[PDB]
């Protein structure tokens, strides 16, 4: 949020401070990378979601929907990574476990999500920097779902 830093400093009749400028400088510097990551995760979304569903294959009853949802879970994660804002994951995963746990298995879902993390991480073996971003944003997705 660049407009949000501005509206704060405006209120105090002041220039943006070093941290504020440094945080914004990084938000943009890391853009290229965050987008590289989202491109691979997308290009390989189907492979990734396959690995996750098979890992819990025998716990699934509606296959159409688990394949939908695992894909969605990955999609909102590519959103977050592109926006470099983990709150996107936080808002759409709100009260979602309560729904899934009625629908099928909450535990099965978490094991699947973990395999999504794994599968994603498998594409950044030569790039520890990117791996950390993928881990970070994935972890946020699993933790919000656990609640």
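Positions refer to the first chain, counted from 1.
Higher mean CA temperature factor, per the PDB entry, when comparing 26-34 with 51-59: 51-59. Relative to one another, 66-74 and 85-93 have unequal mean CA B-factors, and 85-93 is the one with the higher figure. Of the candidates 102, 122, 45, 114, the deposited coordinates give 102 the top C-alpha B factor. Residue 138 sits in the middle third of its chain by CA B factor, as recorded in the PDB entry. Among the modelled residues of the chain, residue 21 sits in the lowest third by CA temperature factor in this PDB entry.
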